[PDB]
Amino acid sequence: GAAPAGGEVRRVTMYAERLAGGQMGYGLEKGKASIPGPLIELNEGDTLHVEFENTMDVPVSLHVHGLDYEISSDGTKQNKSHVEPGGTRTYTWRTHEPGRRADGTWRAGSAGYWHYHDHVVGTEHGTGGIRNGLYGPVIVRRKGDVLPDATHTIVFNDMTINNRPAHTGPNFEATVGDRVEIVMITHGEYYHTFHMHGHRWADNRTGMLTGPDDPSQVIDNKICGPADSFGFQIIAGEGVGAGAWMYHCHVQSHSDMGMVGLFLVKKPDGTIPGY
């Protein structure tokens, strides 16, 4: 599968909800909040109207990286684009294809691995909302982009992955030969280095070299900081086979404290060597 040319106007509902233990999450339905929030995927040219309701007892917002939006959808208290308790606001995100401007230069398209998060809970930069769990991934695809069999989102939020307790993953499963897409977001206060055992990717927009002429470094380890995002696709077990392949932050105190998960790659019969 490859991505089609975009151009459709889409609508979705989103809600901010309290979860257990002082956490907060986004969901596409009341009672369906999750951390991270739901994956939003768009084709370059698509417009998305996000009909957003704050079900909580404190103000909240939705702010997005990378996409086109007018100042009225900035999602900050500074611009009065936040949402009071019980309120509804329609946020509009737009995207565009690349193309040459009249001045002769190449205008970059929206395609990329992006993310949305809160900007008003706790402080006017969303520090409390982000810690509590108000973040989620946005994928914008260019026409012809290769589509994966599955997508997994890994968020290094301070000293946790996806706000989970230390040493509790998350784990992800695949079968040898699956095309697996990873979205990588970082939040909070610390720099991290994401590492994957047994797999590697290109350090460019799609995480895959375009061909023999792409000079991007091929890596299996990458430093990132708060609100960085990137993504890539790998063929699970390619050249290396089945197994319980760790991924972790490579800052030594961070892995030692439990910023680790498993990429569980099964043989076609469902078994996993040595696990």
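All residue numbers are counted from 1 along the displayed sequence.
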* Stretch exceeding the other in mean C-alpha B-factor - 241 to 249, 26 to 34 -> 26 to 34
* **Stretch with the higher entry mean CA B-factor, where the candidates are 98 to 106 and 185 to 193** => 98 to 106
* Asked: Which one, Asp118, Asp74, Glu124, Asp203, has the peak C-alpha temperature factor per the PDB entry?
  -> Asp74
* Looking at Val180, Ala166, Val155, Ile139, which has the highest Cα B-factor in the entry? -> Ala166
* To do: Within this chain's modelled residues, let me know which third the CA B factor of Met159 belongs to: lowest, middle or highest.
  => highest
* Relative to the other modelled residues in the chain, which third contains the C-alpha temperature factor of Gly231: lowest, middle or highest? -> lowest
* Structure fact -> Tertile call for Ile130 (CA temperature factor, within chain, third-based) is the lowest
* Asked: What third of its chain's C-alpha B-factors does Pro212 belong to: lowest, middle or highest?
  -> highest
* To do: Going by the recorded CA B-factors, say which third of the chain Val58 sits in, lowest, middle or highest.
  => highest
